[PDB]
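Visitor: Quick one: the structure is below, questions incoming.
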Amino acid sequence: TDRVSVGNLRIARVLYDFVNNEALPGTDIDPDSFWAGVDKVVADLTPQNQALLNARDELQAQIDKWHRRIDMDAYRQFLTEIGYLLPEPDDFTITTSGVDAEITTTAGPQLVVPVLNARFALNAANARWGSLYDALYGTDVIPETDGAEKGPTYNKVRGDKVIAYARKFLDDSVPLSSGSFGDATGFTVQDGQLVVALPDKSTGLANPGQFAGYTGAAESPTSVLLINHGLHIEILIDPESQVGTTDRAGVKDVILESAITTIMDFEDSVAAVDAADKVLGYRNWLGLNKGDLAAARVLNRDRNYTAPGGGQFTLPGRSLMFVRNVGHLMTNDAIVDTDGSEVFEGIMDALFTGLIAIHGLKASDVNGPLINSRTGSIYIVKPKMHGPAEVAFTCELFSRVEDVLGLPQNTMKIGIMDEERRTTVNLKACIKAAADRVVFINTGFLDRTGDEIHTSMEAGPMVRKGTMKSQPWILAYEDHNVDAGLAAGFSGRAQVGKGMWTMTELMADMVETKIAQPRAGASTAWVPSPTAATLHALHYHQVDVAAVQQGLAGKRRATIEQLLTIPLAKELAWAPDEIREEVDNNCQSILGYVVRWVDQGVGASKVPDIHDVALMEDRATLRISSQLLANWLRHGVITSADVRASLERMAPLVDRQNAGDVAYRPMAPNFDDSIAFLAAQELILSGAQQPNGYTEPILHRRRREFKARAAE
Ligand SMILES: O=C(O)CCc1nc2ccccc2[nH]c1=O
Ligand SMILES: [Mg+2]
Ligand SMILES: [Mg+2]
Ligand SMILES: [Mg+2]
Ligand SMILES: [Mg+2]
Ligand SMILES: [Mg+2]
Ligand SMILES: [Mg+2]
Ligand SMILES: [Mg+2]
Ligand SMILES: [Mg+2]
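Letter by letter, the sequence shown follows residues 2 to 70, 76 to 302, 312 to 727 in the authors' numbering.
In structure tokens:
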């Protein structure tokens with residue numbers, strides 16, 4: 002037994018040592034008082050945590066039975087009687103205070119990254135600023151048409167298209183008084199105003215207030231800092247660079263303020279099934295908050320400029336960090352009680368990520384340099400909550416953690432993910448439950464659709480996964496989320512977020528279509544990579560989110576009936592080949608993700624889909640796919656032979672898609688010999704029995720089984 006006893010707790014040594022030697026020192030928290038507080042919080046809050054999970058099961062059994070025995079009036083009457091659909095509270099304004107400008111004020115891209123991957127976490131934090139030239143040149147936003155494709159070395163024709171794209175962007179975002187940036191000859195700062203040399207004349211900006219600063223001398227600036235819709239744009243000037251020599255004004259690059267905030271994730275993008283895994287995550291979270299995290312490589316320093324009217328100012332070189340804790344469901348054996356019962360992981364995350372975040376509020380040799388929150392807040396995204404009482408519980412959890420940490424009450428702020436149906440239909444009350452802590456709400460596709468399928472599992476066969484994206488329930492869910500946030504005063508106070516673009520290489524399509532989200536009044540939305548953050552930033556220059564929000568406020572665009580419109584497939588709406596395609600699709604999604612999760616403990620990566628399109632999904636992809644297949648199985652759309660045959664067809668496909676990975680362990684031809692293959696099979700076959708369709712219990716068990724076999 003490798004555990005430390007503290008009150009009723011038996012703490013894994015690796016965790017206990019991490020906290021004492023790394024997390025605690027520099028916080029001024031007395032270590033014995035901390036550990037006593039951990040024991041007391043776990044003892045006090047565990048019963049309610051369990052009570053809430055029981056209530057999920059109780060409500061769902063009632064819903065299963067109701068469906069087992076189409077009319078909307080009877081259905082919502084039913085949901086109301088069982089306490090699933092609660093009355094809408096009175097109108098109110100959130101009272102959350104001490105929030106940084108990146109959240110209250112700036113609209114822009116939001117990156118989410120697996121905290122267990124230090125290099126990715128570092129790149130994400132550094133992604134507050136990104137190269138537009140690199141993003142345009144390196145992706146298909148500039149088509150690889152004849153002559154303009156990227157080879158082993160610099161293609162000037164392609165670069166010239168990159169340059170022109172960016173010139174057009176500057177014209178659109180920071181218009182000159184006359185002429186185009188495409189005719190620029192040079193830049194100078196005269197009388198604290200930006201002057202752009204043109205061929206036949208000279209010109210300032212149409213709105214000189216968009217001029218924000220510069221580097222080097224006003225005579226010949228090395229860069230020119232502009233602002234639009236709250237976001238900075240820096241024109242780098244160096245006619246001696248590879249591309250500067252080719253440019254008419256010697257422009258080297260255009261740098262965009264990109265990932266304004268980043269979510270460091272402990273939940274669905276990481277595989278962490280024991281104390282050693284949790285410690286890897288906590289240690290990286292620690293390094294980020296101290297500012298000394300280094301990989302293979313380090314965090315960027317802040318950026319120095321001269322204001323138009325002279326005098327120096329500094330801009331943050333890094334993304335403001337949130338941390339995403341796990342939700343209320345799972346336990347982890349990082350801590351067990353006397354009976355050997357595992358402790359609630361969400362409770363542990365609040366205590367440990369909260370402790371660690373104190374370093375990000377400080378700057379010394381002990382706590383590293385670099386401050387995360389200027390206003391003294393800790394930003395925690397709380398996923399997978401079901402309804403307002405589960406939000407209230409999170410409030411109580413954070414309050415008790417603050418007390419243990421010696422922090423001011425309401426220091427720990429909550430990002431409310433709206434990704435469960437019972438939260439969706441009671442969203443206003445969920446926000447009201449956290450009215451003095453809430454700094455965001457957001458929507459998604461996968462997790463929310465996963466819950467949609469599980470909740471109405473007994474209703475009938477569901478439409479295909481692709482179809483879900485355009486279903487009435489989900490479009491109302493998207494608008495209702497914005498409506499509730501705006502009605503509660505989020506504009507100027509808290510983020511209203513939308514979902515992830517998963518197609519990592521389809522940047523042209525993202526740039527074309529993702530603009531719909533800020534057009535919808537979302538002050539942020541999720542991107543999979545620093546490159547995608549820079550490109551998505553374009554949308555926020557193109558759309559005035561603040562103005563969109565002002566025009567939406569007070570509107571009620573969704574009905575409860577729309578929200579409750581179950582995505583049931585019409586009476587036999589598929590051909591055999593369409594059914595086959597959807598089974599293969601889902602089995603491939605499950606296998607492609609699971610094999611990396613169970614075998615290598617990777618919970619996010621570019622996974623080729625069935626059409627070889629690279630997707631960067633998290634564990635929610637598993638929840639939707641396994642629930643859909645379990646549903647089709649449940650209602651006789653497919654057979655158990657169909658499922659097994661697809662898994663066996665797609666498995667070697669997955670193996671093939673993983674050529675080029677040295678640590679990869681093939682699943683075919685001995686399927687029942689691969690723990691990953693069996694995990695994937697189990698997720699489908701036992702899908703209908705999982706609490707709310709959640710995949711963690713199975714995935715965690717299988718990864719743990721794999722670790723034990725690898726050490727035997
Ligand atoms: O559709 C959904 O609900 C899930 C969204 C999502 N979150 C991610 C977080 C970190 C890394 C990759 C991710 N991919 C994703 O699709
Ligand atoms: Mg300077
Ligand atoms: Mg620090
Ligand atoms: Mg989710
Ligand atoms: Mg939408
Ligand atoms: Mg409302
Ligand atoms: Mg505008
Ligand atoms: Mg805004
Ligand atoms: Mg059940």
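Don't be surprised by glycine CBs; every beta carbon is placed ideally from N, CA and C.
1) Exposed or buried, what is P158 when buried is set at 16 or more other beta-carbons lying within 10 Å of its beta-carbon?
2) Report the start-end ranges of each beta strand (DSSP E) in the segment 318–376 that is 3 residues or longer and not cut off at the edges.
3) To the nearest angstrom, report how far apart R680 and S689 are at their CA atoms.
4) With DSSP as the reference, label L138 as helix, strand or coil.
5) Please determine whether the Cβ atom of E493 lies at a distance below 7 Å from any heavy atom of ligand 5.
6) Looking at C-alpha atoms only, which residue of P384, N290, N340 and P331 is the closest neighbour of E273?
7) With a floor of 4 residues, list each alpha helix (DSSP H) that falls wholly inside the segment 424–503, ordered by position along the chain.
8) Hey, out of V478, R534 and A590, whose CA is closest to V563's CA?
9) Thinking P95 and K570 are a contact (beta carbons under 8 Å), I'd like their distance in whole angstroms, please.
10) Ordered along the chain, which non-local residues of its own chain (more than five positions away) have a Cβ less than 6 Å from that of residue 308?
11) Cutting at 8 Å between CB atoms, please list the residues of its own chain near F175, excluding the five before and the five after it.
12) Candidates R57, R14 and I30: which alpha carbon is nearest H401's?
13) For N213, which of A24, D106, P706 and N234 has the nearest alpha-carbon?
14) Kindly give me the distance between the Cβ atoms of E263 and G114, rounded to whole angstroms, as I take these residues to be in contact under 8 Å.
15) Considering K513, what are the terminal residues of the beta strand (DSSP E) in which it resides?
16) If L420 sits next to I373, beta carbons under 8 Å apart, how far is it from one beta carbon to the other, in whole angstroms?
17) Whole angstroms is fine: what's the gap from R638's alpha carbon to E473's?
18) Relative to the C-alpha of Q696, which candidate in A678, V677, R717 and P706 has its C-alpha closest?
19) Less than 8 Å between the beta carbons of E357 and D364, yes or no?
20) DSSP beta-bridge partners for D259?
21) Going by beta carbon distance, what residues of the same chain come within less than 6 Å of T112, once the five residues before and after it are set aside?
22) Do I362 and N295 have their C-beta atoms within less than 8 Å of each other?
23) Is the beta carbon of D433 within less than 7 Å of some heavy atom of ligand 6?
24) What are the boundary residues of the beta strand (DSSP E) that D271 is part of?
25) Looking only at its own chain, which residues have a Cβ that is under 6 Å from the Cβ of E720, when we skip the five neighbours before and after it?
26) Taking the alpha carbon of residue 309 as the point to measure from, which residue in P543, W516 and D451 has its own alpha carbon closest?
27) Provide the residue(s) that pair with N234 in DSSP beta bridges, ordered along the chain.
28) Taking the Cβ atom as the reference point for each residue, do residue 74 and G391 lie within a distance shorter than 8 Å?
29) Where in the segment 649–721 do unbroken runs of the alpha helix (DSSP H), each at least 4 residues long, occur, reported from the N-terminal end onward?
30) Go to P591, then tell me how far its alpha helix (DSSP H) extends in each direction, as first and last residue.
31) Could you check which residue in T102, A278, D45 and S640 has the C-alpha nearest to that of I429?
32) Any heavy atom of ligand 7 inside 7 Å of the beta-carbon of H554?
33) What residues sit near ligand 8, counting only those whose C-beta is closer than 7 Å to one of its heavy atoms, in chain order?
34) If you check the beta carbons only, do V454 and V105 fall under 8 Å apart?
35) Below 7 Å CB to CB, which residues in the same chain sit around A548 once its five sequence neighbours on both sides are set aside?
36) Considering only heavy atoms of ligand 1, does any lie closer than 7 Å to the CB of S275?
Guide: The short version:
1) exposed
2) 318–321, 327–330, 335–339, 346–352 and 357–359
3) 9 Å
4) helix
5) yes
6) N340
7) 436–439, 442–448, 461–470, 480–483 and 487–502
8) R534
9) Rounded, the Cβ-Cβ distance is 18 Å, inconsistent with contact.
10) Coordinates for residue 308 are lacking, as the chain steps from 302 to 312 with nothing built in between.
11) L138, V260, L553 and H556
12) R57
13) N234
14) 7 Å
15) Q510 to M515
16) 7 Å
17) 17 Å
18) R717
19) no
20) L242
21) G236 and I266
22) no
23) no
24) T267 to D271
25) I690
26) Since the chain is numbered 302 and then 312, with no step between, residue 309 has no place in the structure shown.
27) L237
28) It's not possible to place residue 74 here, given that the chain moves directly from 70 to 76.
29) 655–672 and 690–700
30) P591 to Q615
31) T102
32) no
33) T111, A113, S506, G507, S538, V560, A561 and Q564
34) yes
35) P115, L117, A133, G136, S264, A265 and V542
36) yes
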